[PDB]
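One structure is given here, and the rest of the page talks about it.
Here the Cβ positions follow ideal geometry from the backbone for every residue, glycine too, while neighbour counts run over all protein chains shown. FYI, it's all coordinate maths here, none of it is from the lab.
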Amino acid sequence: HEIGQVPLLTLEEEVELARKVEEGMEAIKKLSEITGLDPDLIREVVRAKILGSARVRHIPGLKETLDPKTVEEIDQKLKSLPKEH
Amino acid sequence: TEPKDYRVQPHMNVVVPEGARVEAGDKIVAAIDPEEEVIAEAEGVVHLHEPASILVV
């Protein structure tokens, strides 16, 4: 019943939604190419915002992961890029 | 000014704001692959005139 809440997509919506992700996936590289940071890492620090209102895990993998003050500093470098990057 | 309506395909996407500036050496609607579909010929304004759906927020 939670599952019936979300509706089917158009033969155009399906397409259009997918096109954002492939580019986003490229963009992620494009960033890691310029930043020198890692594709796997950027993808986290980006998710840690779109999802990470709280999603930034309660305990950062018992300090395997880092989720404290560290997240911003990365997204702070990503905000502090020149406009074309 | 001279009107001319181009048909945007299902598998396509526009890269133009709500009636913004359009140059002669520009591309308006991106396609599946660059077919001879949408390349700008002359200066003017592109007007959006049939969305398939509408999102209110």
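Couple of notes before you dig in:
- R0 of 30 Å, Cβ-Cβ distance residue A:40-residue A:84: FRET efficiency to nearest 0.05: 0.80
- Take the Cα of residue B:26, step 7 Å toward its Cβ, do the same at residue A:3, and the gap between the two points is 4.7 nm.
- The simple spin-label model puts a point 7 Å past each Cα toward its Cβ; for residue A:11 and residue B:55 those points are separated by 2.2 nm.
- Spatially close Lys pairs in the protein assembly as shown, defined by Cα atoms under 22 Å apart and a spacing of eight or more places or different chains, total 23.
- Using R0 = 30 Å, the C-beta based FRET efficiency linking residue B:11 and residue B:47 works out to 0.85.
- Taking amide H as placed 1.01 Å from N in the peptide plane, the amide H of residue B:22 sits under 5 Å from that of B:44, each at least 5 places away or on another chain.
- On the basis of the beta-carbon distance and an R0 of 25 Å, residue A:62 and residue A:32 show a calculated FRET efficiency of 0.45.
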